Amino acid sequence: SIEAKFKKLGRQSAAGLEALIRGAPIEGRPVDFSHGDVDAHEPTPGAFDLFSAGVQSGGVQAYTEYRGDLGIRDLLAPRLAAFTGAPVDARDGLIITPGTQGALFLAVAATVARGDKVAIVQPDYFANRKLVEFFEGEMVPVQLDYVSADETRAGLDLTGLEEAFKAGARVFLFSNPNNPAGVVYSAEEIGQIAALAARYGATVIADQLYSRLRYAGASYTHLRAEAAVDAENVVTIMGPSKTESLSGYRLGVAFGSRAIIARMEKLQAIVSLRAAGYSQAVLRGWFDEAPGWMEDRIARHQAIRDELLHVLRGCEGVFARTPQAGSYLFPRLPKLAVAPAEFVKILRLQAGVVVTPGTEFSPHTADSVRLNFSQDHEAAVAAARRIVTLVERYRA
């Protein structure tokens, strides 16, 4: 039934909160932590010049093959090969998409049929469950036991993954670094994921969107380079939307399995034809930015990461994993005198802070909220202090 299918995809007012609100607002600059601030951390220098050169070049840029401009795919494949530590095939193993979201949609569409079991991590990216269920697959959840003082692994329940595959799951989709928690899977976790997938003949979609924004002294392991895994059963997706602040151009890529990439190409034709022709041109600069630019960017984000962690952990009932790549923090809040959903509204009403409710990522992370901390440094820190002040005001 079309109606039920789509039901599953579904100023701040005080209405319904009048008996619950305590005190007056806390003055300060509003911060929307729901996504990155591309004014505080600008799009790659040079990107707009590349876009402008493409427009001037004209119809050759405006129209491309459905899988993406050939010249740009040929430029990108060596860069993406060097980054991930395994071969990339420009011609048949690489598609350019409308955002990494574009790639994710296509990748799930090309791999999940009606009734197929799909292993999905909890917590993980908001679209993952919704995609599986839109294509009438059956999610088999795999717990991420990320709540731990042991920060040498993400905490994936690998026995749970294996059991998912024993039960008939032939697809596994995950983000690395994890959105929302910012944890990165260890070498051993990725090795076992690779071995389990190969063992059961499962396809893996590895969403490495934020994997380039990797903090000093964090390790990162690319599933697609594992000796245990068959390269032709892995699709890796990533792009420049967040690390490089190019979200406004709407670009992503997917690479790996030729059979799956060929399916994603055929589908892209009828989903949106192509990634915007003119947008594609900015990818000529991707992984070829000025020396030290990415390194400074990672350093500026790491300073924000560390001060936000100091402020949040300063609150006695708050737990948060250290993010190891990307710009997400996922603090678990204490018992409050209001429900989690009510507190999110109250943060906006009384602190001018937007945060993402933890229920977007799993039904079992309801008392967490997600922050995207790619923000103005000082505004972000001041906002965080308002959050914890309100956590104290509403503490059960």
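The first residue of the shown sequence is 1; numbering continues from there.
The modelled chain breaks after residue 10 and resumes at residue 11, leaving 4 to 9 residues of the deposited sequence without coordinates. Legend: mean Cα B-factor per stretch from the PDB entry, 227-235 versus 124-132; the higher mean is in 227-235.
The stretch with the higher mean CA B factor, choosing between 174-182 and 68-76, is 68-76. Which of 362, 350, 327, 368 has the largest Cα B-factor in the deposited entry comes down to 350. Note on the listed residues 137, 99, 93, 277: the highest Cα temperature factor in the record is that of 137. Split the chain's modelled residues into thirds by C-alpha temperature factor. Residue 214 is in the highest one. Residue 337 sits in the highest third of its chain by CA B factor, as recorded in the PDB entry. Residue-level temperature factors show residue 62 in the lowest third of its chain, judged at the C-alpha atom. When all modelled residues of the chain are sorted by CA temperature factor, residue 153 is found within the highest third.
Sorting the modelled residues of the chain by their CA temperature factor places residue 281 in the middle third.
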